[PDB]
Amino acid sequence: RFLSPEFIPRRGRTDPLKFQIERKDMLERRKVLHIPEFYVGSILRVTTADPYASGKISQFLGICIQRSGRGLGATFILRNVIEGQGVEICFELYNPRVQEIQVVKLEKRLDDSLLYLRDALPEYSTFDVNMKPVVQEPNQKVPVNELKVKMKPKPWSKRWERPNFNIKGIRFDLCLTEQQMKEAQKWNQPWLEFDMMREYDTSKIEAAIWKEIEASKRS
Amino acid sequence: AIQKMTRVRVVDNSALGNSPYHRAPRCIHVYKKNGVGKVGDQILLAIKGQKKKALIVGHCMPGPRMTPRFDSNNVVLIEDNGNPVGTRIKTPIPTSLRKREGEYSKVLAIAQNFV
Amino acid sequence: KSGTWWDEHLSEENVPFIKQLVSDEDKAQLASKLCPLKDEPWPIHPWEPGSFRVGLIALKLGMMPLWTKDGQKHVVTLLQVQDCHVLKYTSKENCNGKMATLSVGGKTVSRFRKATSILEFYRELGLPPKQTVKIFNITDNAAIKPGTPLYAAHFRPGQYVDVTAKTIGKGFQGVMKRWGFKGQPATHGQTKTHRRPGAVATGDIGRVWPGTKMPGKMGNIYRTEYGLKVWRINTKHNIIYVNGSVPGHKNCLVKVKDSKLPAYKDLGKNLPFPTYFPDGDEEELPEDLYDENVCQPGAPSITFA
Amino acid sequence: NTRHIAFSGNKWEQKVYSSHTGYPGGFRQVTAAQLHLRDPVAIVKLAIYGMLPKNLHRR
Amino acid sequence: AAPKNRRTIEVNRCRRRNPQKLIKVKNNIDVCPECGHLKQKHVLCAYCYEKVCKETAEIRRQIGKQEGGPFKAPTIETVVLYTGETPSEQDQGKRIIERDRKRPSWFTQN
Amino acid sequence: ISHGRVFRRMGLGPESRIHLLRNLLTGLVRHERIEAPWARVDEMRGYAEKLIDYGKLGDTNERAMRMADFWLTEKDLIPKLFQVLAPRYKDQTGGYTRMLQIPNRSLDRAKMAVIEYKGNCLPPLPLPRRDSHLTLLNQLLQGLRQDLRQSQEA
RNA sequence: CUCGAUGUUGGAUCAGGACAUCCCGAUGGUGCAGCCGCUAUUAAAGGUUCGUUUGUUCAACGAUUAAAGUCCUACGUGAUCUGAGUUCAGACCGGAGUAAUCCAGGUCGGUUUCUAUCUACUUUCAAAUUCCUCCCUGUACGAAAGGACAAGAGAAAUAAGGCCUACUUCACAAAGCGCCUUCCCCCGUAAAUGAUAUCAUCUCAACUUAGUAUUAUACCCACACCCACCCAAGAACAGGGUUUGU
Ligand SMILES: [K+]
Ligand SMILES: [K+]
Ligand SMILES: [K+]
Ligand SMILES: [K+]
Ligand SMILES: [Mg+2]
Ligand SMILES: [Mg+2]
Ligand SMILES: [Mg+2]
Ligand SMILES: [Mg+2]
Ligand SMILES: [Mg+2]
Ligand SMILES: [Mg+2]
Ligand SMILES: [Mg+2]
Ligand SMILES: [Mg+2]
Ligand SMILES: [Mg+2]
Ligand SMILES: [Mg+2]
Ligand SMILES: [Mg+2]
Ligand SMILES: [Mg+2]
Ligand SMILES: [Mg+2]
Ligand SMILES: [Mg+2]
Ligand SMILES: [Mg+2]
Ligand SMILES: [Mg+2]
Ligand SMILES: [Mg+2]
Ligand SMILES: [Mg+2]
Ligand SMILES: [Mg+2]
Ligand SMILES: [Mg+2]
Ligand SMILES: [Mg+2]
Ligand SMILES: [Zn+2]
């Protein structure tokens, strides 16, 4: 039972009525535009209306490297290498300009963020603009790809080896040395994983959100 | 995005660009009052020891939603009259330039890919 | 002489009983004021040029994106009207000003945590106390009897409004954050001077001019945003979707009034006057108004052509 | 009838009342006519204040 | 920066004896209904707290005497029994701490 | 500008704060009643409640065992936490600790409070108790309540 | 006036003021056809850029802009900062001197203290300036080349005041690289009727008009619940909530 990440409010001091109304608008838009299920790593083709374009319709295919934002305005970033030039486009889920969203391939990676594909080799970010949609059998677990990419020589856009990012899909043993690994193992915070008060429940909130979604489906 | 001392990459098939040189192309003027150049703006480049005008067709800085973000500061060499130096732009460029096509019609004509 | 609070001497049995009593009384008082036109209404004059009506006190719930039919994204702020009532009317002569004034209350608060004078003032009107009371300058023809409730339908889409609120206080702040001073370089020998004001005046005057920018309290004052467009009205939860941001943090009371800008002048002819009366209205308004150019969620995907 | 005072000559246009708000650029000078229009009881009050002794009893 | 002139005793008195610097009168002082000593409304009575602390210290000393070593925390509950008291059905299966005194009136055997 | 900063700055750093809270929590788990400065004794109350929640989750849970091993410096208290502390509050869904302010410390005049786990074997602390129902105001309110109930049932 | 000490060149930050105005504003003349200009009156509310070598103030150069204004303020501002220069003790080169030593000479290096007693000040609460694009219009004008003004619409930059829905620094929140809003004028002259002076005359004649704002309006405004707890409120104090006081 998949709940979209934008359907979980961030911890704060906001009146739940605003979240309720935003969710109502989100569902009333979802009934018109079928937003599918996808994760960070799934291949998506997005077809959108656009002025000043060939046929006023623009289609972009790419891998989802980041999903961020809650409520109306949630965004996902698609990256693809076209003619040797990497292009990343940020698409809003509930923008009326979006005409169709299609999951060409549904899968998951070892990390919740794939921003290191910018510094990775172009082979791991190159995808065919015209690829046949794969078949995902119903009532099946989402596959978890374990492709550990190879990175370009340093420097990188961000210090991916530091524990704060906590990346498990990069060949650090190949792209780094023992001394570099030891130096990176200096910002580690072992107490962070054991700080109990820095945890968000999401259980009751998710249950109430599912109840409201079921009510919207009924009506 | 693109400002003074910014090393840009020339993407059209011009003779002045796409040529070996010890130095790299570099912006020296952005022709904008705020001093920051975006997609669809004219800049001045010191390329091969010469001063030339260029149009910004892509930058690495994130911008508005539903817009492409490239991995390099891609520019196309043009002239004062508004005509490009090259005759082919294989690198994809944003479709947002079709609003400026009133002054970049020839550039968009020589362009081939629109992302 | 000893400090006292309402539940200091109450026992375990009487602690919930008083709370239940006061809650029921407040609910009854709020419900009893739902028929202003059925309970001795004041005369309802038609709109005339150069007439000003009353405003609202709202709660800033948050912000939300919106998309228009021209393919543009605008951020709006949701202002919720909560227990807004007219409390006091002052005539032009007694106003000690230029025009008559009307008092509007905001969020309901506990009677225990208030002064005796405020409680005895609200007892006569028969309403629960309001957290904030604001004063609106209105013309004589827009007089409204005290006790009349107010709702978000008072404002209609296609109208520009002004929003006044207390901004997010930031405390004692330095010059660089408070006024935007460039400061001093962080290298090249600078000694204990990176965020300091520098020179405050000249040596000839021998003093500092009044109004000189110096570090001090910042962020907690009344600020007004002028000319925010009302994109959408939700009459079920009494919510106004106002264009742009408004001063103040989340869950704060703000004053919403008609815009005073000369461009948006004399545009209240089609607006309700003096205010919207749901009890007197026979054709109930739809749940959401959505203006004209707003892309409704149920509308089909926009196709530029 | 302080509003109906009469000035000899062209004092309504020549006589200037000056003040300073204390802030930079806050030096304001107005004519007698402008001051009279802004406040019809200001000219007589200022004249009496100027003619009274410069001590603590003047207030 | 050095002072320009010595500050006078009049100015010193005006600064020192300002009402802000004067000690304010506390109106939260009340009388403990049990021990009769003074207490604040939001603070526990010092007399009763010290009594409870002394009794707790004695009980903890007895607990440590029974344990007889570090890193020895019993897996069962604990019940404190005073003189002339027998283990109860609830006390069954729980470590018994024997106190050589009469049970205090305030220490109600709940 | 500290707005929405739930956690305060104590100790030599974040790790020092974590270690101080861990020591206080271990002492609380051991003795079931400890007195400490008000801020320090208030910061780890939520940590103690969540530790009891993990104990309820159980010793067979790997995450709960890891959390107990971390937060309990003395390893003899982990069996205690998983065997007696959690079943004691099994019925309760929360509120396992009582914190009460005490007179200020003698030396530094610091704001002190005592925290304890409910249901301990130690002698009960004096507690703030409301006035008896037999007082004048309470009797008047009881009469008013009886009259209102009669009116409602009429 | 100060040698019983009044710290300087240039630079950073902050700017105050004068107009003898660089632009934007309003007028007269022209050797003013239009576009560019020149000159004179009025206007100081707003603004007047980034780099290369030089310690530079300045000058030279490359690219823009409407503009890259002149000065005063202890050659403003070192109890806010810098020390490249000048101006100590070391040393070298050229010259003068028998030598010690010296130079408007050149060149490398060379400690920049202070815990604020007093005066003054610490939200002058909110009307904004400019460029560009389309149209006007290839119109007025002009032999052609060339080529407007006024009005309207739009989009930007700077400045001020706010905010976190999206992006980003990051995550109970603070921020910009992000988003929203921003409303009056400014007086030189140009003209009717009309006397002294029965014409005529814009008037320190009486008088009408361009021609003016009592700068309009907005904001702030109830107060012995306050022991205690919480807070988007805060150095303390103060403020808001507790109908969330096991
Ligand atoms: K001297
Ligand atoms: K001297
Ligand atoms: K003095
Ligand atoms: K004449
Ligand atoms: Mg980077
Ligand atoms: Mg050369
Ligand atoms: Mg604050
Ligand atoms: Mg800086
Ligand atoms: Mg030093
Ligand atoms: Mg330093
Ligand atoms: Mg400390
Ligand atoms: Mg002296
Ligand atoms: Mg200035
Ligand atoms: Mg002049
Ligand atoms: Mg000087
Ligand atoms: Mg110094
Ligand atoms: Mg000085
Ligand atoms: Mg030096
Ligand atoms: Mg020599
Ligand atoms: Mg030197
Ligand atoms: Mg050296
Ligand atoms: Mg100091
Ligand atoms: Mg024009
Ligand atoms: Mg005539
Ligand atoms: Mg005549
Ligand atoms: Zn006692």
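This report concerns the structure included in the present document. (Residues numbered from 1 in each chain as written, not as in the entry; some residues may be left out. Chains lettered and ligands numbered in written order. Part of a larger assembly, values for the part shown. Heavy atoms only, no water.)

**Looking at the protein's contact with RNA strand G**
For step 1, the next point in the chain: Looking at RNA strand G, there are 140 residues lining it, with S68(A), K98(C), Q190(C), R223(C) and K255(C) nearest.
For step 2, the next point in the chain: Atoms of RNA strand G within 4 Å of the protein belong to the sugar or the phosphate in 65% of instances, the rest to bases.
For step 3, the next point in the chain: Between RNA strand G and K4(B) there is a distance of 2.8 Å, counted from a base oxygen to a side-chain nitrogen or oxygen.
For step 4, the next point in the chain: Interatomic distance of 3.0 Å between a backbone N/O atom of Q131(C) and a base nitrogen of RNA strand G.
For step 5, the next point in the chain: The element contributing the most residues to the surface near RNA strand G is strand β9 (residues 222-234) of chain C, with 7 residues.
For step 6, the next point in the chain: Residues that form the surface near RNA strand G fall into these classes: 52 nonpolar, 46 polar and 42 charged. (Near = heavy atom within 4 Å. Polar contact = N/O pair within 3.5 Å; in protein donor to acceptor, adjacent residues only side chain to side chain. Helix = DSSP H or I, 4+ residues; strand = E, 2+ residues; numbered from the N terminus. Nonpolar A, V, L, I, M, F, W, Y, C, P; charged D, E, K, R; others polar.)

**Notes on the interface of chain B and chain A**
Quoted interface sizes are often the accessible area lost when the parts come together.
For step 1, the next point in the chain: Taken together, the contacts link 18 residues of chain B with 22 residues of chain A.
For step 2, the next point in the chain: Applying the counting rule to chain B against chain A returns 2 salt bridges.
For step 3, the next point in the chain: Our count for the chain B to chain A interface comes out at 7 residue pairs in polar contact.
For step 4, the next point in the chain: Among the elements that make up the side of chain B that touches chain A, the one with the highest residue count is strand β5 (residues 68-70) of chain B (3 residues).
For step 5, the next point in the chain: Here the side of chain B that touches chain A is composed, by residue class, of 5 nonpolar, 6 polar and 7 charged.
For step 6, the next point in the chain: Alignment of strand β4 (residues 85-92) of chain A against β5(B), held across 3 bridges, turns out to be antiparallel. Paired with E88(A) across the bridge in β5(B) is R69(B). (Contact = heavy atoms within 4.5 Å. Salt bridge = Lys/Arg side-chain N within 4 Å of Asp/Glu carboxyl O. Pairing = 2+ DSSP bridges.)

**Let's talk about the environment of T193(C)**
Residue and element names in this part refer to chain C.
For step 1, the next point in the chain: Looking at the secondary structure, you find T193 in the loop between α3 (175-179) and β8 (216-218).
For step 2, the next point in the chain: Given the relative accessible area of 18%, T193 is considered buried.
For step 3, the next point in the chain: Residues in contact with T193, not counting those within four places in the same chain, are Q184 and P185. (Buried < 20%, exposed > 50% of the residue type's maximum accessible area, 1.4 Å probe, protein only.)

**So, the arrangement of the chains**
For step 1, the next point in the chain: Counting contacts across all 7 pairs of chains that touch, the top pair turns out to be chains A and C.
For step 2, the next point in the chain: Contact between chain B and chain C is absent, and the least distance between their C-alpha atoms amounts to 10 Å.

**Comments concerning the pairing of strand β4 (residues 95-98) of chain E**
All names here are of chain E.
For step 1, the next point in the chain: The alternating pattern of β4 places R95 and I97 on a buried face, while none of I96 and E98, on the opposite face, is buried.
For step 2, the next point in the chain: Alignment of strand β3 (residues 78-81) against β4, held across 4 bridges, turns out to be parallel. Pairing of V79 across the sheet is with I96, part of β4.

**What about the packing of helix α1 (residues 14-31) of chain F against helix α3 (residues 45-57) of chain F?**
Residues and elements named next belong to chain F.
For step 1, the next point in the chain: In the contact formed by α1 and α3, the axes pass within 10 Å of each other and the chain directions differ by 60°. Taken together, the axes of α1 and α3 are oblique relative to one another. Note that α1 runs across α3; the crossing there is right-handed. Contacts between α1 and α3 pair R17, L21, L25, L28 and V29 from the former with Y47, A48 and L51 from the latter.
For step 2, the next point in the chain: When its residues are assigned to classes, the contact of α1 with α3 shows 7 nonpolar, no polar and 1 charged. (Axes fitted to C-alpha atoms, helices over the stretch in contact; angles between N-to-C directions. Parallel < 35°, antiparallel > 145°, perpendicular 65-115°, else oblique. Left-handed = near helix turned anticlockwise from the far one by under 90°.)

**A short note on the sheet that holds strand β11 (residues 253-258) of chain C**
Residues and elements named next belong to chain C.
For step 1, the next point in the chain: What the 6 strands build is a closed barrel, ordered β1-β2-β10-β9-β6-β11; its pairing is antiparallel. Averaged over all neighbouring strand pairs, the angle between strand axes comes to 45°, with direction disregarded.
For step 2, the next point in the chain: Where strand β1 (residues 56-67) and β11 come together, 4 bridges link them in antiparallel fashion. Considered in β11, the bridge of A58 is made with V254.

**Comments concerning helix α1 (residues 14-32) of chain C**
For step 1, the next point in the chain: The end-to-end C-alpha distance of α1(C) is 27 Å, a good match for the 27 Å that 19 residues give at a rise of 1.5 Å each.
For step 2, the next point in the chain: Of all the positions in α1(C), only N14(C), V15(C), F17(C), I18(C), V22(C), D26(C) and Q29(C) are classed as buried.
For step 3, the next point in the chain: For α1(C), the secondary structure elements touched by its buried residues are α6 (136-153) of chain F. (Expected span 1.5 Å × (residues − 1).)

**Structural notes on the nonpolar core**
For step 1, the next point in the chain: Of all hydrophobic cores here, the largest spans 43 residues; its most connected members are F7(A), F60(A), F76(A), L78(A), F91(A), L93(A) and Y94(A).
For step 2, the next point in the chain: When residues in this core are grouped by element, the largest group, 5 residues, is from β1(C).
For step 3, the next point in the chain: Once you skip the residues sitting within four places of it in the chain, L78(A) turns out to touch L44(A), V46(A), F60(A), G62(A), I63(A), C64(A), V87(A), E88(A), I89(A) and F91(A). (Core = buried A, V, L, I, M, F, W, Y, C linked by side-chain atoms within 4.5 Å.)

**Quick look at a nonpolar patch on the surface**
Residue and element names in this part refer to chain C.
For step 1, the next point in the chain: On the surface, a nonpolar cluster with roughly 210 Å² of combined accessible area is contributed by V200, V208 and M214.
For step 2, the next point in the chain: You can see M214 is positioned in the loop between α3 and β8.
For step 3, the next point in the chain: Relative accessible area serves as the criterion here: at 34%, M214 is assigned to the partly exposed category. (Patch = residues over 30% accessible without salt bridge, like charges linked within 9 Å, V, L, I, M, F, W, Y side chains within 5 Å. Areas by Shrake-Rupley, 256 points an atom, 1.4 Å probe, with all protein chains shown as cover.)

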